[PDB]
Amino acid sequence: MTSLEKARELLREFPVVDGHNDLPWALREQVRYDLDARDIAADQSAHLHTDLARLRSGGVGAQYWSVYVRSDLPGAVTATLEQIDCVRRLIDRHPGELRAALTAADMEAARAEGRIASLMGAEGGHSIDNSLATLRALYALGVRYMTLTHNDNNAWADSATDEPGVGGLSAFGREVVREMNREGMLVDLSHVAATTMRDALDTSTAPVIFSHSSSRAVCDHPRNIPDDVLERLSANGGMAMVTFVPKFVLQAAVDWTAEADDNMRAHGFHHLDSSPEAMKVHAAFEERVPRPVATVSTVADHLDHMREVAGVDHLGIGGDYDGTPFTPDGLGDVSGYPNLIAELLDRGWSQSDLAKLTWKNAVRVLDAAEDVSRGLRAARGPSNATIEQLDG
């Protein structure tokens, strides 16, 4: 058969566990959670990277649904609960295709049934409002990872896309990691500074994840993972779930964005200004200089390198679909994963290497977090510490 044909067959047995999809935020922003207006049992290709038919076509067998909220607005906890409610309602509307999953055993149950295991991951520590009880409440509601920051620092952790703050994790930051370990919530080090990565790896007694990051050696962006951190993953037992964001996998796209940003500032605009005035400026840039386009091969180059540095047992996939406006050719929406698996086959990746990449590493890591949690929950009670107490 072709490599594509083979990829599809492999994915039927060991499907993709995708680590990060922002469909809930996209539904919030497009239709304020009116789910009939973006029904995923219908074709939503005009509006979204995701719907049920494309997930099936893509070989997705489990999804960490992001319950991301902005870190620059008040009421982040309320909005996080609204994000979680969005995911719950989606599961309840599509029981034929989706199955709530809280544990590694739930994931396997879903695979056995042919339903897509639906998990939740919070995207940024601001979602807990400096409160360990709030962290515990998010776990209770089903959240099974938390990205320690989003694009901004928070009071106790530094972000990759902000200036240095506390130097990685503060004392409270370390207490958050310890409580995540006790609860069994996976520590997600996507979006955080390299300092934060190393401090988390020092502190954590459970395997950690990167739910959507690629390789800083291949594409130099602070959103990507340095080799020294990748090297620490086998000892930690965790995994890096490669992402498709073109400016994190193609060096030319990083360079292009950096030039776009400079051009915006040269016109007196913040690089994120979205005003129509700012927009005409950017339009003129893009007309002078076309945006470079990443491909499936770009992403495979990351996986080859990450495999060499971290090891095949420490890899997964996290597309960032409905979380990023641009995508690589061949990976335009959630139906694309077989194209990536076929490229890897063409590069000589074995069937067991690919079963680990797609399914088994993710299941292992969540099981390990549950195992660590069993031991810590038996060993001590939950923390009542506050940020004032530990950080001043």
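Numbering starts at 1 and runs along the sequence shown.
Undergrad: Going by the average Cα B-factor in the PDB entry, point out whether 341-349 or 357-365 comes out higher.
TA: Per the PDB record, 341-349.
Undergrad: 268-276 versus 138-146: which one carries the higher mean Cα B factor per the record?
TA: Mean C-alpha B-factor is greater for 268-276.
Undergrad: Can you tell me which of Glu231, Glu108, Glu175, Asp320 has the highest Cα temperature factor in the record?
TA: Highest C-alpha B-factor among the listed residues goes to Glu231.
Undergrad: From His314, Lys247, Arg115, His212, can you pick the one with the highest C-alpha B factor in the entry?
TA: When the deposited C-alpha B-factors of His314, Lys247, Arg115, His212 are compared, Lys247 is largest.
Undergrad: Based on the entry's values, in what third of the chain does the Cα temperature factor of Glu82 lie: lowest, middle or highest?
TA: It belongs to the lowest third of the chain when residues are ordered by C-alpha B-factor.
Undergrad: What third of its chain's C-alpha B-factors does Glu97 belong to: lowest, middle or highest?
TA: Its C-alpha B-factor, which the entry lists for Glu97, ranks in the middle third among residues of this chain.
Undergrad: Check where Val67 lands among this chain's C-alpha B-factors and tell me if it's the lowest, middle or highest third.
TA: For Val67, whose C-alpha B-factor we compare with every modelled residue in the chain, the answer is the lowest third.
Undergrad: State the tercile, meaning the lowest, middle or highest third, of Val31 with respect to the CA B-factors recorded for its chain.
TA: It belongs to the highest third of the chain when residues are ordered by C-alpha B-factor.
Undergrad: Mind checking which third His282 falls in for C-alpha B-factor across the chain?
TA: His282: CA B-factor falls in the highest third of its chain.
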